[PDB]
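Okay, structure first, notes after.
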Amino acid sequence: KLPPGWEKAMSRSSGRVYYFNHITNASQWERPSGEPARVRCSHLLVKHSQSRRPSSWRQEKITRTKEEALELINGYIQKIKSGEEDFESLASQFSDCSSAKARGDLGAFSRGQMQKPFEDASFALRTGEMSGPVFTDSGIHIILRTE
Ligand SMILES: NCCOc1ccccc1
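Numbering (PDB author numbering) for the sequence shown: 6 to 39, 51 to 163.
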């Protein structure tokens, strides 16, 4: 039927069908368009108190709750999708990953290198596509597949 991991859903507020991907957690109104050895991705990480290392270049002691970190992720996605802010801008300013200094870019990578939820989402993204909130032991990610 649909690309890997996509399913149909119905908006609770509008009644209009939409599409949701249970690997990348992306959601969109439009029907998804139509695997490589490597993909290249950027990300924006929001860490929380249960992160494997609750520390980042932004904050020596990350104290926020997982729920709070999810709200922040949700707000960044909203501004990216509205065009109010660019992914690269928000990643540089707010990602709890050292890759913030590279606008979130992680470089290219294969299967087996990254945390599994991140890897699965990265490879199920089409080139140019952005994930919804992706959960790993590091925190909550927004993932942008660039290659
Ligand atoms: N941050 C401004 C308020 O934006 C929203 C955006 C989407 C859903 C609910 C509230």
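By construction, the Cβ of each residue, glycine as well, lies at the ideal position given by its N, Cα and C atoms.
Our contact map puts residue i next to residue j with C-beta atoms below 8 angstroms; I'd like the distance itself, whole angstroms only.
i, j, result
"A124", "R56", "4 angstroms"
"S67", "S154", "6 angstroms"
"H157", "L60", "7 angstroms"
"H27", "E12", "7 angstroms"
For residue i, which option in the options has the closest C-alpha, if you only look at C-alpha atoms?
i, options, result
"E35", "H59, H64, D153 and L7", "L7"
"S65", "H59, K77, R54 and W73", "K77"
"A107", "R119, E100, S98 and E101", "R119"
"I96", "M146, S38 and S72", "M146"
"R69", "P52, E100 and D112", "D112"
"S126", "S32, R161, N30 and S19", "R161"
"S38", "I159, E163, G148 and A140", "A140"
"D121", "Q94, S19 and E163", "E163"
"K132", "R142, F151 and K117", "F151"
"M130", "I159, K117, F110 and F103", "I159"
What are the partner residues of residue i, as DSSP defines its beta bridges?
i, result
"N26", "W11"
"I158", "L60"
"residue 46", "This model leaves out residue 46; its place in the chain lies between 39 and 51, and no residues are given there."
"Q33", "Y24"
"residue 165", "Missing from the structure shown is residue 165; the chain here goes from 6 to 163 and no further."
"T152", "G155"
Assign residue i to one of three DSSP states: helix, strand, or coil.
i, result
"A124", "strand"
"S111", "coil"
"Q129", "coil"
Nearest-residue set for ligand 1, Cβ under 6 angstroms from any heavy atom
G91 and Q94
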